[PDB]
Amino acid sequence: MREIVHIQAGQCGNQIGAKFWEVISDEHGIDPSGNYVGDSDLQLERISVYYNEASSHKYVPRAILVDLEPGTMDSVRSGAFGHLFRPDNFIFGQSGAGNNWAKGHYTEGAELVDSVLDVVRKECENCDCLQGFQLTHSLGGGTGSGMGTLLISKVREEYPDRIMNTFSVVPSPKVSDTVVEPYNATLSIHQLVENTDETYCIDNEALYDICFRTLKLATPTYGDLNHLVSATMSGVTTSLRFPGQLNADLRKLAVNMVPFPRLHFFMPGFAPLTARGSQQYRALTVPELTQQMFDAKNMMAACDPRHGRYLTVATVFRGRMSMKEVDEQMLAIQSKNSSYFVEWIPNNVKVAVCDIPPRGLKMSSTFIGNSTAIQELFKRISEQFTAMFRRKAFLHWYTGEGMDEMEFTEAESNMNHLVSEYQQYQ
Amino acid sequence: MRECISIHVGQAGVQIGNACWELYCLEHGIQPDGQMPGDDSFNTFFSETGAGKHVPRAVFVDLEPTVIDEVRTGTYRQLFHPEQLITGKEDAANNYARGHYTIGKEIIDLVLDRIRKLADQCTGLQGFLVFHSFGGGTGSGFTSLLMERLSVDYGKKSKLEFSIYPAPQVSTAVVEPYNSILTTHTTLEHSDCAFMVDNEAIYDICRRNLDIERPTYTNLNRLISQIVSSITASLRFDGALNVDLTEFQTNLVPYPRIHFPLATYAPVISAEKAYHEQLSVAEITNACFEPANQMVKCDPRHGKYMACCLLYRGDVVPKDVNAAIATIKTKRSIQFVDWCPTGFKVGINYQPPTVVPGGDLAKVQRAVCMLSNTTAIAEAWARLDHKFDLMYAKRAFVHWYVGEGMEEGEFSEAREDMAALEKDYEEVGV
Ligand SMILES: Nc1nc2c(ncn2[C@@H]2O[C@H](COP(=O)(O)OP(=O)(O)OP(=O)(O)O)[C@@H](O)[C@H]2O)c(=O)[nH]1
Ligand SMILES: Nc1nc2c(ncn2[C@@H]2O[C@H](COP(=O)(O)OP(=O)(O)O)[C@@H](O)[C@H]2O)c(=O)[nH]1
Ligand SMILES: [Mg+2]
């Protein structure tokens, strides 16, 4: 039936992908050995979407692991769920990308990608009906950005009408885990603004603030961040993977959420979020989840939606809910928050309600916003890039890899056009 | 003899269809396996096989398997013929283009042929029933296309449809106006009559009048099912006055370009209030003519009544009925268009509106269902056109439709037709 291919970019892509498949394996009750222990038919009903049926009935998740630094993939195989993935779908060469977008994209990753595409074609040929592709990666990483970019390019060229989206880590506004990031971000964003259907911006600082504040934590790690992200992913794919009212296909979401082809960028969000023991003072109702979802503090992207206007909003729900509470809350919210929404698009909300809640919760929901604070992200990125590029810092590496300066110029031009287009509608 | 083929397109149509058919099963004493352990007016809506197995006459169509798979795994899987359940591999994505053109074209032929054989089995065919959401891509496009095809093929066969009218305040999608206007364009050019219902009004009604907690689509569909069942019940049982759908066409359509009868149903009350509430025909009619009890959010007092069709069930004597109608005639808060001497027609049915086990509606020995036209619906069309005018002025989301095979001229033409409809209501309102 309807199927989605998940391509995990190197490093953070593979890690987040690991947690992603862990969550999905928990969702459908799939043992890490590939065995189905699930207690319901809805588990295996349409499960063919993310999984394939083996001869022994063991379920192989449909995914492709791509990294130039196998150490991560080695750690993945060393993981408990590493046995789910057949050794065939592991595709890696051995070199560092050195966080060089050009080196990864043009040279060493290009000697790889063909095999990845072969595997993609295999999976695609094994698809009854292909909805599209999804790419978990990171902006600022050489492999993630370069290889992810090359991959979405080739994949789109191979599958133009198919859905293509990516969950991409975006550079942090204050600190940075690497230098040269603005270059990779700019180039990747250029190729991403032209190539994909949609992309989800997520900054670690936002998740740090959220997890530290909302969930009241002490010493967790990236796993929890990836867990959250994968929870969001599971949410949208849950709307896809289970019955309910106003069931939302991915392209339907893409249709409702994107008025203008070139502005597809979104802000993911999730509810409910409560710390241990503080949950007892909270009640589970649609108003609560909506209050959490529309809270600027719960935005997983670094931004302040208070500055901007919503072009489109999609709130997906999970569990048993009354359509009324949703309707009333959306109406009241849109009513009192007026001027936070674009005036020439009446009814900016897209509602989808799944009857199947996530494990452990009576109800859950996720928030996909569209706003110009993304333009603000593009502003800071453009600024940093301009600062670094003006003095031609680190440029000799990319130039050494055969990357022409005109491409940087073009990328910046397109980014400026993009943010300008964000400012155009406001 | 007199038979009708039901049609359910989209989640709305299918679920409403489910409610409708379970209600039918309850009314005819049939059980999910297609058995019933005088009523041949059920043979009207049900065919039969050598084993005495009674199966419904309907066609379920969803471009995505989704709900229909729930139906296939549902209790009534033993009821419906496996061929009557038709599923594609993906939806219209709230895009009129797909459903009307890109997807449905590879499906609709099958659907049409199945409807044709289903029509071949009929001793006689009065018409069709099309259930869909208004503004939903699948329902909109596919029912537009299907209505065109059916209109071409079956000619003068009555075409009736129950559409869910988009609510003014609340919406499940941003693109609903486009699909809605394209729908009413291509549908108006074909459909004989269309019953408009707005979920918000149903919410207000059930909440306020039924005095219940915040409900879901279920009992909503049950109410719609009650209305539809009341109509078909006017057809499905021998009362004092029996009514053919052609008569609904005759009475509710003074002009070919205007058919949009608004549904209203009374009494609607809690089981507790039913004890204190005295049910009389006059009071029920008074409740029927109440603007708050209408199934659409349009206010009838902003326009005049053109045609009004009242369908009675259970215990009703035409004496106090005509008396009540006169009592209504005396009231000038309710005004009728000047050139219409009388817009009233009264159906009478002996069988009462049976209640569904686990249902929220109180049991009553009588009930009334109004089908009537007003220009307040033109006001609704106006607000719809306004929303569309905005979103179209900014050319939002158009690239989908365009890339998927729609032309801007179609949108323009549709809008022009809407303007024409507005002026039609305006001129007729004189
Ligand atoms: N009254 C009522 N309306 C419904 C119901 N289900 C869906 N709707 C209406 O349908 C609209 C949503 O579009 P759908 O009809 O679900 O579209 P679809 O059938 O899924 O087909 P696609 O648009 O291609 O996905 C909402 O605005 C509702 O008004 C229902 O069970 N009862
Ligand atoms: N959410 C999340 N982000 C990560 C994780 N690991 C790395 N990152 C992000 O990725 C960036 C580092 O880039 P990296 O992927 O290591 O460069 P690459 O080796 O060229 O792909 C940092 O800014 C981090 O924010 C992770 O486990 N979770
Ligand atoms: Mg649908």
# chains A, B, ... in the order shown; residues from 1 in each chain; ligands from 1
$ residues_near_ligand --ligand "ligand 1" --cutoff "8 Å" --atoms "only C-alpha atoms and all ligand atoms" --output "PyMOL selection string"
(chain A and resi 245-249+252) or (chain B and resi 9-16+62-64+91-95+99+132-139+164-167+171-173+176+197-199+217-218+220-221+224)
$ write_last_selection --atoms "N, CA and C atoms" --output "short mmCIF file (atom, residue, chain, number, x, y, z; two decimals), in the first residue's frame"
data_model
loop_
_atom_site.label_atom_id
_atom_site.label_comp_id
_atom_site.auth_asym_id
_atom_site.auth_seq_id
_atom_site.Cartn_x
_atom_site.Cartn_y
_atom_site.Cartn_z
N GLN A 245 -10.53 10.24 12.38
CA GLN A 245 -11.34 11.23 11.67
C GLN A 245 -10.43 12.29 11.07
N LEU A 246 -10.72 12.68 9.83
CA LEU A 246 -9.90 13.63 9.10
C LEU A 246 -8.47 13.11 8.95
N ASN A 247 -8.35 11.85 8.55
CA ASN A 247 -7.03 11.25 8.32
C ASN A 247 -6.27 12.03 7.25
N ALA A 248 -5.06 12.44 7.59
CA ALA A 248 -4.28 13.32 6.72
C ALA A 248 -3.14 12.59 6.03
N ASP A 249 -3.22 12.49 4.71
CA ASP A 249 -2.11 11.98 3.92
C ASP A 249 -0.99 13.01 3.96
N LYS A 252 -1.34 15.70 1.38
CA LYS A 252 -2.48 16.54 1.74
C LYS A 252 -2.02 17.59 2.74
N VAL B 9 -19.24 8.83 -1.00
CA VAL B 9 -17.91 9.25 -1.45
C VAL B 9 -17.21 10.06 -0.36
N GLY B 10 -15.98 9.67 -0.05
CA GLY B 10 -15.20 10.34 0.97
C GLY B 10 -15.54 9.83 2.36
N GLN B 11 -14.68 10.15 3.32
CA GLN B 11 -14.86 9.71 4.71
C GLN B 11 -16.23 10.12 5.25
N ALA B 12 -16.61 11.36 5.00
CA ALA B 12 -17.90 11.88 5.45
C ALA B 12 -19.03 11.02 4.91
N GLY B 13 -19.07 10.87 3.59
CA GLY B 13 -20.10 10.09 2.94
C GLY B 13 -20.14 8.65 3.42
N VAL B 14 -18.96 8.05 3.56
CA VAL B 14 -18.87 6.66 3.98
C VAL B 14 -19.37 6.46 5.41
N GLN B 15 -18.90 7.30 6.33
CA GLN B 15 -19.31 7.19 7.73
C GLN B 15 -20.80 7.51 7.90
N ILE B 16 -21.23 8.61 7.28
CA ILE B 16 -22.65 8.95 7.25
C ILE B 16 -23.44 7.80 6.66
N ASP B 62 -13.77 5.45 -1.88
CA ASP B 62 -12.75 6.26 -1.23
C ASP B 62 -11.43 6.05 -1.96
N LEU B 63 -10.83 7.14 -2.42
CA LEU B 63 -9.61 7.07 -3.21
C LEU B 63 -8.47 6.47 -2.39
N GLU B 64 -8.59 6.52 -1.07
CA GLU B 64 -7.63 5.88 -0.17
C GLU B 64 -8.33 4.77 0.59
N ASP B 91 -5.34 9.31 -1.70
CA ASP B 91 -6.45 10.25 -1.68
C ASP B 91 -6.26 11.42 -2.65
N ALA B 92 -7.25 12.31 -2.69
CA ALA B 92 -7.20 13.48 -3.55
C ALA B 92 -6.42 14.61 -2.89
N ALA B 93 -6.06 14.42 -1.62
CA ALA B 93 -5.25 15.39 -0.88
C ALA B 93 -5.91 16.76 -0.82
N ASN B 94 -7.22 16.77 -0.61
CA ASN B 94 -8.00 18.01 -0.56
C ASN B 94 -7.82 18.83 -1.84
N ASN B 95 -7.50 18.14 -2.93
CA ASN B 95 -7.31 18.79 -4.22
C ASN B 95 -8.43 18.39 -5.18
N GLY B 99 -9.26 14.40 -7.57
CA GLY B 99 -10.55 13.74 -7.48
C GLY B 99 -11.43 13.94 -8.70
N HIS B 132 -21.43 13.07 0.50
CA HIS B 132 -20.05 13.53 0.43
C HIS B 132 -19.85 14.79 1.26
N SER B 133 -18.59 15.12 1.55
CA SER B 133 -18.26 16.37 2.21
C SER B 133 -18.07 17.46 1.17
N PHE B 134 -18.61 18.65 1.45
CA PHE B 134 -18.46 19.78 0.54
C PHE B 134 -17.18 20.53 0.88
N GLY B 135 -16.25 20.55 -0.07
CA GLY B 135 -14.95 21.15 0.13
C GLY B 135 -13.85 20.12 0.29
N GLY B 136 -14.23 18.88 0.61
CA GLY B 136 -13.28 17.79 0.65
C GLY B 136 -12.90 17.39 -0.77
N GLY B 137 -11.61 17.18 -1.01
CA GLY B 137 -11.12 16.94 -2.36
C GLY B 137 -11.80 15.78 -3.06
N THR B 138 -11.75 14.60 -2.43
CA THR B 138 -12.36 13.40 -2.98
C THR B 138 -13.83 13.64 -3.27
N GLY B 139 -14.61 13.90 -2.22
CA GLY B 139 -16.03 14.13 -2.36
C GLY B 139 -16.33 15.17 -3.41
N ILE B 164 -21.99 18.20 3.13
CA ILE B 164 -21.67 18.89 4.37
C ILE B 164 -21.13 20.28 4.05
N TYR B 165 -21.93 21.29 4.35
CA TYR B 165 -21.61 22.66 3.99
C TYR B 165 -20.52 23.21 4.91
N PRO B 166 -19.50 23.88 4.33
CA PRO B 166 -18.41 24.40 5.17
C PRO B 166 -18.88 25.43 6.19
N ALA B 167 -18.44 25.28 7.43
CA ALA B 167 -18.85 26.18 8.51
C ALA B 167 -18.16 27.53 8.37
N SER B 171 -13.11 25.36 10.25
CA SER B 171 -12.75 24.66 9.02
C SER B 171 -11.70 23.58 9.29
N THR B 172 -11.81 22.47 8.57
CA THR B 172 -10.86 21.37 8.71
C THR B 172 -9.70 21.50 7.72
N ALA B 173 -9.82 22.44 6.78
CA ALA B 173 -8.78 22.65 5.78
C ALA B 173 -8.81 24.08 5.26
N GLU B 176 -10.71 24.64 1.45
CA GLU B 176 -12.12 24.24 1.30
C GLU B 176 -12.93 25.11 0.33
N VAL B 197 -25.95 20.88 4.87
CA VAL B 197 -25.86 20.74 6.32
C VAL B 197 -24.51 21.22 6.82
N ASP B 198 -24.53 22.04 7.87
CA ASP B 198 -23.31 22.59 8.45
C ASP B 198 -23.07 22.04 9.85
N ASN B 199 -21.93 21.38 10.03
CA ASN B 199 -21.60 20.71 11.28
C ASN B 199 -21.71 21.61 12.51
N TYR B 217 -18.26 13.06 15.36
CA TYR B 217 -18.94 12.90 14.08
C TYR B 217 -20.00 11.80 14.10
N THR B 218 -19.88 10.89 15.06
CA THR B 218 -20.76 9.72 15.14
C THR B 218 -22.25 10.10 15.19
N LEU B 220 -23.57 12.89 15.04
CA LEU B 220 -23.81 13.83 13.95
C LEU B 220 -24.34 13.06 12.74
N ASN B 221 -23.56 12.07 12.33
CA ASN B 221 -23.93 11.19 11.24
C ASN B 221 -25.22 10.44 11.55
N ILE B 224 -28.00 13.02 10.82
CA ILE B 224 -28.15 13.09 9.37
C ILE B 224 -28.85 11.82 8.87
#
$ residues_near_ligand --ligand "ligand 2" --cutoff "7 Å" --atoms "only C-alpha atoms and all ligand atoms" --output "list in words"
residues 10, 11, 12, 15, 16, 97, 98, 99, 100, 138, 140, 141, 142, 143, 144, 169, 171, 176, 177, 178, 204, 222, 223, 225 and 226 of chain A
$ write_last_selection --atoms "N, CA, C and O atoms" --output "mmCIF file, in the first residue's frame"
data_model
loop_
_atom_site.group_PDB
_atom_site.id
_atom_site.type_symbol
_atom_site.label_atom_id
_atom_site.label_comp_id
_atom_site.auth_asym_id
_atom_site.auth_seq_id
_atom_site.Cartn_x
_atom_site.Cartn_y
_atom_site.Cartn_z
ATOM 1 N N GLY A 10 24.336 10.512 7.301
ATOM 2 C CA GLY A 10 25.376 10.138 8.240
ATOM 3 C C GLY A 10 25.266 10.866 9.566
ATOM 4 O O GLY A 10 24.612 11.906 9.663
ATOM 5 N N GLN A 11 25.911 10.310 10.587
ATOM 6 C CA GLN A 11 25.971 10.925 11.909
ATOM 7 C C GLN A 11 24.577 11.138 12.530
ATOM 8 O O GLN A 11 23.836 10.170 12.767
ATOM 9 N N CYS A 12 24.236 12.395 12.810
ATOM 10 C CA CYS A 12 22.992 12.728 13.497
ATOM 11 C C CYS A 12 21.775 12.142 12.795
ATOM 12 O O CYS A 12 20.794 11.777 13.442
ATOM 13 N N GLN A 15 21.728 8.544 13.905
ATOM 14 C CA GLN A 15 21.375 8.497 15.325
ATOM 15 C C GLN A 15 19.876 8.765 15.545
ATOM 16 O O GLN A 15 19.146 7.948 16.146
ATOM 17 N N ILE A 16 19.422 9.912 15.050
ATOM 18 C CA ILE A 16 18.012 10.272 15.116
ATOM 19 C C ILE A 16 17.174 9.199 14.434
ATOM 20 O O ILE A 16 16.075 8.878 14.884
ATOM 21 N N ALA A 97 34.363 13.863 5.912
ATOM 22 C CA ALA A 97 33.888 14.976 5.100
ATOM 23 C C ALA A 97 34.508 16.276 5.599
ATOM 24 O O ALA A 97 34.483 17.293 4.906
ATOM 25 N N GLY A 98 35.072 16.228 6.804
ATOM 26 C CA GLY A 98 35.702 17.388 7.408
ATOM 27 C C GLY A 98 34.743 18.556 7.516
ATOM 28 O O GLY A 98 35.160 19.714 7.511
ATOM 29 N N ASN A 99 33.453 18.242 7.610
ATOM 30 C CA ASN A 99 32.400 19.251 7.612
ATOM 31 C C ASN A 99 32.492 20.141 6.375
ATOM 32 O O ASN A 99 32.117 21.313 6.409
ATOM 33 N N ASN A 100 32.991 19.563 5.286
ATOM 34 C CA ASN A 100 33.090 20.256 4.009
ATOM 35 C C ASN A 100 31.960 19.808 3.093
ATOM 36 O O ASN A 100 31.934 18.665 2.637
ATOM 37 N N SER A 138 21.454 16.712 9.038
ATOM 38 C CA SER A 138 21.846 17.909 9.775
ATOM 39 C C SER A 138 22.463 18.953 8.856
ATOM 40 O O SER A 138 23.282 18.631 7.995
ATOM 41 N N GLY A 140 25.026 21.933 8.354
ATOM 42 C CA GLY A 140 26.310 22.275 8.939
ATOM 43 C C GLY A 140 27.277 21.109 8.929
ATOM 44 O O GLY A 140 28.490 21.302 9.018
ATOM 45 N N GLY A 141 26.743 19.897 8.820
ATOM 46 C CA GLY A 141 27.572 18.720 8.651
ATOM 47 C C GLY A 141 27.921 18.541 7.187
ATOM 48 O O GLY A 141 27.101 18.815 6.316
ATOM 49 N N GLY A 142 29.135 18.079 6.913
ATOM 50 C CA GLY A 142 29.565 17.854 5.547
ATOM 51 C C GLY A 142 28.780 16.732 4.900
ATOM 52 O O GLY A 142 28.167 16.913 3.843
ATOM 53 N N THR A 143 28.788 15.573 5.551
ATOM 54 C CA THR A 143 28.115 14.393 5.025
ATOM 55 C C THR A 143 26.611 14.612 4.953
ATOM 56 O O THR A 143 26.019 14.485 3.886
ATOM 57 N N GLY A 144 26.002 14.955 6.084
ATOM 58 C CA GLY A 144 24.566 15.162 6.142
ATOM 59 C C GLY A 144 24.093 16.116 5.064
ATOM 60 O O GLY A 144 23.217 15.785 4.260
ATOM 61 N N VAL A 169 18.457 19.380 11.217
ATOM 62 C CA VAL A 169 18.951 20.190 12.318
ATOM 63 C C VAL A 169 19.491 21.495 11.751
ATOM 64 O O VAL A 169 20.203 21.489 10.746
ATOM 65 N N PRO A 171 21.417 25.441 12.390
ATOM 66 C CA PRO A 171 22.434 26.058 13.251
ATOM 67 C C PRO A 171 21.842 26.825 14.424
ATOM 68 O O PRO A 171 20.816 27.490 14.282
ATOM 69 N N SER A 176 27.733 27.419 18.616
ATOM 70 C CA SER A 176 27.880 26.555 17.452
ATOM 71 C C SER A 176 28.770 25.365 17.791
ATOM 72 O O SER A 176 29.732 25.496 18.547
ATOM 73 N N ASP A 177 28.444 24.207 17.227
ATOM 74 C CA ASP A 177 29.225 22.997 17.454
ATOM 75 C C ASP A 177 30.347 22.869 16.429
ATOM 76 O O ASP A 177 31.212 22.001 16.549
ATOM 77 N N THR A 178 30.325 23.735 15.419
ATOM 78 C CA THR A 178 31.365 23.751 14.399
ATOM 79 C C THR A 178 31.453 25.125 13.744
ATOM 80 O O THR A 178 30.491 25.894 13.769
ATOM 81 N N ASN A 204 18.834 22.554 18.366
ATOM 82 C CA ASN A 204 19.092 21.883 19.636
ATOM 83 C C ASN A 204 18.888 22.791 20.846
ATOM 84 O O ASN A 204 18.463 22.326 21.904
ATOM 85 N N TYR A 222 21.584 13.637 23.862
ATOM 86 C CA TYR A 222 20.980 13.790 22.542
ATOM 87 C C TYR A 222 19.854 12.791 22.291
ATOM 88 O O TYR A 222 18.943 13.062 21.510
ATOM 89 N N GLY A 223 19.924 11.639 22.951
ATOM 90 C CA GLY A 223 18.926 10.596 22.783
ATOM 91 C C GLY A 223 17.512 11.079 23.051
ATOM 92 O O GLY A 223 16.572 10.703 22.350
ATOM 93 N N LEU A 225 16.480 14.272 22.893
ATOM 94 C CA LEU A 225 16.162 15.212 21.826
ATOM 95 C C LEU A 225 15.668 14.432 20.611
ATOM 96 O O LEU A 225 14.600 14.713 20.052
ATOM 97 N N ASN A 226 16.457 13.436 20.223
ATOM 98 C CA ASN A 226 16.115 12.563 19.111
ATOM 99 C C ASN A 226 14.814 11.816 19.381
ATOM 100 O O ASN A 226 14.036 11.560 18.462
#
$ interface_residues --of "chain A" --to "chain B" --cutoff "6 Å" --atoms "only C-alpha atoms" --output "list in words"
residues 252, 259, 322, 323, 324, 344, 345, 347, 348, 350 and 351 of chain A
$ write_last_selection --atoms "N, CA and C atoms" --output "tab-separated table (two decimals), in the first residue's frame"
chain	number	residue	atom	x	y	z
A	252	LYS	N	-1.34	15.70	1.38
A	252	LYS	CA	-2.48	16.54	1.74
A	252	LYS	C	-2.02	17.59	2.74
A	259	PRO	N	1.11	27.33	0.76
A	259	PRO	CA	0.49	28.18	-0.26
A	259	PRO	C	1.41	28.47	-1.44
A	322	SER	N	-12.91	14.67	21.37
A	322	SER	CA	-14.13	15.22	20.80
A	322	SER	C	-13.76	16.28	19.77
A	323	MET	N	-14.31	16.14	18.57
A	323	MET	CA	-14.04	17.09	17.49
A	323	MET	C	-14.41	18.51	17.93
A	324	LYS	N	-15.38	18.60	18.83
A	324	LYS	CA	-15.83	19.88	19.35
A	324	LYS	C	-14.72	20.67	20.01
A	344	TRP	N	-5.36	37.36	4.64
A	344	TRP	CA	-5.97	36.99	3.36
A	344	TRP	C	-6.13	35.47	3.21
A	345	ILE	N	-5.82	34.73	4.27
A	345	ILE	CA	-6.10	33.29	4.30
A	345	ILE	C	-7.01	32.96	5.49
A	347	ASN	N	-9.32	30.88	8.01
A	347	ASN	CA	-9.21	29.51	8.50
A	347	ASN	C	-7.85	28.90	8.21
A	348	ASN	N	-6.83	29.36	8.93
A	348	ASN	CA	-5.45	28.97	8.66
A	348	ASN	C	-5.07	27.61	9.24
A	350	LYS	N	-5.23	23.48	9.83
A	350	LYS	CA	-5.49	22.18	9.21
A	350	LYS	C	-5.57	21.11	10.30
A	351	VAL	N	-6.75	20.51	10.45
A	351	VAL	CA	-7.00	19.57	11.54
A	351	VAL	C	-7.00	18.12	11.08
$ closest_residue --among "B:141, B:405, B:318, B:50" --to "ligand 3" --atoms "only C-alpha atoms and all ligand atoms"
B:141
$ select_by_dssp --residues "range 337-408 of chain B" --states "alpha helix (DSSP H)" --output "list in words"
residues 376, 377, 378, 379, 380, 381, 382, 383, 384, 385, 386, 387, 388, 389, 390, 391, 392, 393, 398, 399, 400, 401, 402, 403 and 408 of chain B
$ atom_distance --atom1 "CA of residue 161 in chain B" --atom2 "CA of residue 418 in chain B"
19.2 Å
$ residues_around --residues "residue 145 in chain B" --least-positions-apart "6" --cutoff "8 Å" --atoms "only C-alpha atoms" --output "PyMOL selection string"
chain B and resi 100-101+186
$ residues_around --residues "range 34-41 of chain B" --least-positions-apart "4" --cutoff "6 Å" --atoms "only C-alpha atoms" --output "number ranges by chain"
B: 29-30, 53-55, 79, 236
$ residues_around --residues "range 245-255 of chain B" --least-positions-apart "5" --cutoff "9 Å" --atoms "only C-alpha atoms" --output "PyMOL selection string"
chain B and resi 126-127+158+160+192-193+231-232+235+260-261+306-309+343-345+371-373
$ write_last_selection --atoms "N, CA and C atoms" --output "compact mmCIF listing (two decimals), in the first residue's frame"
# COMPACT_ATOMS: atom_id res chain seq x y z
N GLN B 126 -36.05 5.18 -9.11
CA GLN B 126 -36.49 6.55 -8.84
C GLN B 126 -35.33 7.52 -8.96
N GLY B 127 -34.20 7.17 -8.35
CA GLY B 127 -33.05 8.06 -8.35
C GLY B 127 -31.85 7.55 -7.57
N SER B 158 -33.81 10.78 -10.95
CA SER B 158 -33.64 11.77 -9.90
C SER B 158 -32.26 11.67 -9.26
N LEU B 160 -30.26 13.09 -6.09
CA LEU B 160 -30.27 13.78 -4.81
C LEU B 160 -28.93 13.58 -4.12
N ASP B 192 -29.91 17.64 -9.37
CA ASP B 192 -31.31 18.05 -9.33
C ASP B 192 -31.64 18.75 -8.02
N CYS B 193 -31.17 18.17 -6.91
CA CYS B 193 -31.37 18.75 -5.59
C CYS B 193 -30.22 18.39 -4.66
N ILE B 231 -36.90 10.73 5.36
CA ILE B 231 -37.28 10.86 3.95
C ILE B 231 -37.62 9.49 3.35
N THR B 232 -36.61 8.62 3.32
CA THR B 232 -36.80 7.29 2.76
C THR B 232 -37.95 6.58 3.46
N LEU B 235 -40.92 7.40 1.96
CA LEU B 235 -41.02 6.44 0.85
C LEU B 235 -41.16 4.96 1.25
N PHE B 260 -31.34 24.22 -3.08
CA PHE B 260 -30.51 24.00 -1.90
C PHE B 260 -31.36 23.94 -0.64
N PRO B 261 -32.23 22.93 -0.53
CA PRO B 261 -33.11 22.86 0.65
C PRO B 261 -32.36 22.63 1.95
N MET B 306 -39.15 30.23 0.16
CA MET B 306 -39.67 29.97 -1.17
C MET B 306 -40.54 28.71 -1.15
N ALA B 307 -39.93 27.58 -0.83
CA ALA B 307 -40.65 26.31 -0.71
C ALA B 307 -40.34 25.66 0.64
N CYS B 308 -41.34 25.01 1.23
CA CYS B 308 -41.17 24.30 2.49
C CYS B 308 -41.87 22.94 2.46
N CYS B 309 -41.10 21.87 2.63
CA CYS B 309 -41.65 20.52 2.63
C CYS B 309 -41.51 19.87 4.00
N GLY B 343 -46.17 27.52 -0.20
CA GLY B 343 -44.97 26.73 -0.40
C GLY B 343 -44.99 25.42 0.37
N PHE B 344 -46.16 25.05 0.90
CA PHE B 344 -46.26 23.93 1.83
C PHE B 344 -46.69 22.62 1.17
N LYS B 345 -46.03 21.54 1.57
CA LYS B 345 -46.44 20.19 1.22
C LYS B 345 -46.23 19.28 2.42
N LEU B 371 -37.76 20.39 4.74
CA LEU B 371 -36.87 20.65 3.62
C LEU B 371 -37.31 21.95 2.96
N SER B 372 -36.48 22.99 3.05
CA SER B 372 -36.90 24.32 2.61
C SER B 372 -35.77 25.20 2.09
N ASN B 373 -36.12 26.10 1.17
CA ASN B 373 -35.16 27.00 0.54
C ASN B 373 -35.27 28.44 1.04
$ decode --residues "range 134-144 of chain B" --atoms "N, CA and C atoms" --output "PDB file, in the first residue's frame"
ATOM      1  N   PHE B 134     -18.608  18.648   1.449  1.00  0.00           N
ATOM      2  CA  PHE B 134     -18.465  19.779   0.543  1.00  0.00           C
ATOM      3  C   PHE B 134     -17.182  20.527   0.880  1.00  0.00           C
ATOM      4  N   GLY B 135     -16.253  20.547  -0.071  1.00  0.00           N
ATOM      5  CA  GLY B 135     -14.948  21.151   0.130  1.00  0.00           C
ATOM      6  C   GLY B 135     -13.849  20.116   0.286  1.00  0.00           C
ATOM      7  N   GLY B 136     -14.228  18.883   0.609  1.00  0.00           N
ATOM      8  CA  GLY B 136     -13.280  17.785   0.648  1.00  0.00           C
ATOM      9  C   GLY B 136     -12.904  17.391  -0.766  1.00  0.00           C
ATOM     10  N   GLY B 137     -11.615  17.176  -1.010  1.00  0.00           N
ATOM     11  CA  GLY B 137     -11.117  16.937  -2.356  1.00  0.00           C
ATOM     12  C   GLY B 137     -11.795  15.776  -3.061  1.00  0.00           C
ATOM     13  N   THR B 138     -11.746  14.604  -2.431  1.00  0.00           N
ATOM     14  CA  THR B 138     -12.361  13.402  -2.980  1.00  0.00           C
ATOM     15  C   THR B 138     -13.835  13.636  -3.269  1.00  0.00           C
ATOM     16  N   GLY B 139     -14.605  13.900  -2.217  1.00  0.00           N
ATOM     17  CA  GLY B 139     -16.032  14.129  -2.356  1.00  0.00           C
ATOM     18  C   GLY B 139     -16.331  15.171  -3.414  1.00  0.00           C
ATOM     19  N   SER B 140     -15.727  16.347  -3.274  1.00  0.00           N
ATOM     20  CA  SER B 140     -15.921  17.436  -4.227  1.00  0.00           C
ATOM     21  C   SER B 140     -15.693  16.985  -5.664  1.00  0.00           C
ATOM     22  N   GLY B 141     -14.434  16.706  -5.987  1.00  0.00           N
ATOM     23  CA  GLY B 141     -14.061  16.411  -7.357  1.00  0.00           C
ATOM     24  C   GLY B 141     -14.744  15.164  -7.879  1.00  0.00           C
ATOM     25  N   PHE B 142     -14.643  14.084  -7.114  1.00  0.00           N
ATOM     26  CA  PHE B 142     -15.154  12.799  -7.564  1.00  0.00           C
ATOM     27  C   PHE B 142     -16.672  12.800  -7.692  1.00  0.00           C
ATOM     28  N   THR B 143     -17.375  13.460  -6.774  1.00  0.00           N
ATOM     29  CA  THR B 143     -18.829  13.505  -6.877  1.00  0.00           C
ATOM     30  C   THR B 143     -19.254  14.465  -7.977  1.00  0.00           C
ATOM     31  N   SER B 144     -18.489  15.530  -8.198  1.00  0.00           N
ATOM     32  CA  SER B 144     -18.757  16.394  -9.343  1.00  0.00           C
ATOM     33  C   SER B 144     -18.675  15.581 -10.636  1.00  0.00           C
TER      34      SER B 144
END
